[PDB]
Every structure is written in structure tokens, then in C-alpha cells.
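This text opens with one protein chain seen in two forms, each one given by itself as C-alpha cells under the names structure 1 and structure 2.
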Structure 1
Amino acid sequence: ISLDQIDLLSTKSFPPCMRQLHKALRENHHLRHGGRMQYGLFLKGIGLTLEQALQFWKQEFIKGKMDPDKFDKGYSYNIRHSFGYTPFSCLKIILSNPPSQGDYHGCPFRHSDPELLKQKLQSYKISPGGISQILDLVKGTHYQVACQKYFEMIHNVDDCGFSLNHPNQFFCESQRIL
């Protein structure tokens, strides 16, 4: 809800796919369509207004030396239209629009190859036990469960107490705790 708290929320309440998108956006001051879509709708879902969204996406896109006016002429329409599509679910994310080079959207558990997923989780300081467990699930295609496991670890609880199927559900479940 607070535009200047997104950096921290990334760390605690965003599932790995949205945390990645927020990261990629802050470092590259830009995201391709796949991710503007996934992360954009997700931010809407967590309750950002249309005013904050434009100020969020415009502000970051300008840090990339992008002509402020070019932004309104080539981006802002879709932000605004978004606020009058449905936030992506895990299956939609897992099953559609497979990320390519330069893309950062998708499901980390389903789209990152095993070794890169490992490194990523290691950068999030997940225990070596937890990382091993996730690698077992992922090999079995139990993506959403690996994500629940990740949820349980960064929250320090034994059972998330919910069957995951939506990035926004993860953020909610998360917020109910912290």
C-alpha cells in the first residue's frame, strides 16, 4: 500500500516470482512485456491504486533515461487499461508465456534450471536443508509446494496452512503473519 515499502515487502511477502521481477525492475529500470504484465497485475492485486502504479512504473522507467513523454506515449496506456485484467495465477504463470533471454517473469521453480534456482535460494539465505527439499519437489514438478516450503522457511513456521495456487494468495497469507 505504501510505495516506499515495496523494496522491503519484496523480501518478506512477495513469492519468488514477484521478488525476482521487482529485483530485475530495480536493476534494469525496465521490464519486457511478459514481466510488466505479471508484476503489474500482481501489484494491482496487492492493492496499489492506478495513481501509485503510474508513479511507480514511470519513476523506475525514467531512471533508465527514458523520455518521460515517451513513457506515456508507449507504456502508460496498458497500465491504465490494466486497472479497469485479472492477476495471474500460478498455473497461468507456470503454463503460459515461457520466459526467454532477457525475460524475468514466469515461475522460478518451473523456469529457472536447477542450479540457478539453487543459487537464487542461496542468495535468499534459505537453509541448505530447505534448498535440498525444494530441489526434490521441483524435480517432481511440485512447483507450488516448493513455493510453500519457501514460504514456511522465510516465515519460520511448520505449515503454511494453505494450498498455494496464486501469487497474491502467498502475499496475503504472508501479510497475515508478519
Structure 2
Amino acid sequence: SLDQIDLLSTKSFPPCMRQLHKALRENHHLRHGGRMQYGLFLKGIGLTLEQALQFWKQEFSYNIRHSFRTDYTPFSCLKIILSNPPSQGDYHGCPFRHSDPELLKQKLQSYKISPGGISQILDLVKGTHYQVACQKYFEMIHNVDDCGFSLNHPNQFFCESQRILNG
């Protein structure tokens, strides 16, 4: 079930995907924009997001499984940041770009980022350096001084996080 990756989402998902996992868990649904952003990200980690149905019910809960018709290429940071701004009721997008800075601050606080770390991230967001802000977030949650890569894809954030957590 979807809840098997709650811990993983907090430890290794970038903020854009962490928020989608939380929303799906809390709302029991995501609109298409969110299903696409999060579903493709999961596909990039080797997981298929799907809704379980009952075959014996006539037409006329979300699950994850190892993957066993469509373009499964996961969205990059620039695709997320520059296109499809979320409307109310959407949970997709990049929080560094799309969240009100006051809300972003509160979100980072809930993520247990230090006040000093939050100040650095917000400074970067104000300069429109969204991916660099995200690198700073990465550095904070993994307790490393320098992430040592140039971030431009959510699946790269995940991949680099896994290297540290499984270090």
C-alpha cells in the first residue's frame, strides 16, 4: 500500500514530491497534474502508482508496486517550475517556486529545518534560485556541507539521497 513509503518520502523525496505523497495520503485522490508529476517520479524509482478496483463490479484506494502505452519520462525541475502553475485544489508544482514564502517557511519548519537554514533557503527563493534552494534543503536534511552535484531533476534528488542514506 501507499503507506509503505511514508518514511521514504520524508527522507529522500524532494519537496515537490513529498507534498504530493502527503496530499494523496490525506486526500485519497490527486487531480491529473499531481497524478502525473508524482506518478512519473515513482516510475523513475521503479514503482507503479495505481488505484485498485474490483473486477466483479459492473461499471455500466491507491497502491504502489514494483513495475512489471504511455511516455513514462519523469518531469525535470524546469518542466515543473516553468509550466502548469497549480490552481487551488492542485498539489503539484515546485514549492520553492509555487508556495507563498510565508507558507514555504511554515512547511520548512514542519520539516524541522533550522531557522538559519530556512533563512538561507528563503534568500535563494527571493533570488529565484529555486533549484539551488532545493540543493540547500538537500544539504540540511542529509547533514552534508555540499551536496556535490548540480540539481535539475527530482529523480536525481532521490538518487543522490539514496546514496547518502544507504551509505
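FYI, numbering is relative to structure 1, first residue = 1. We call the rigid core whatever largest set of C-alpha positions still superposes within 1.5 Å between the two forms. Residues that one form lacks are left out of the comparison.
Novice: Give the option from 145, 126, 54, 135 whose C-alpha shifts by 2 Å or more between structure 1 and structure 2; the alignment is on the rigid core.
Specialist: Flagged residue: 54.
Novice: Hey, core superposed, how many Å does residue 42 shift at the CA between structure 1 and structure 2?
Specialist: A shift of 0.3 Å at the C-alpha.
Novice: Given a rigid core superposition, which stretches of at least 3 residues have all Cα atoms displaced by 2 Å or more between structure 1 and structure 2?
Specialist: CA shift runs, sequence order: 2-5, 49-61, 76-83.
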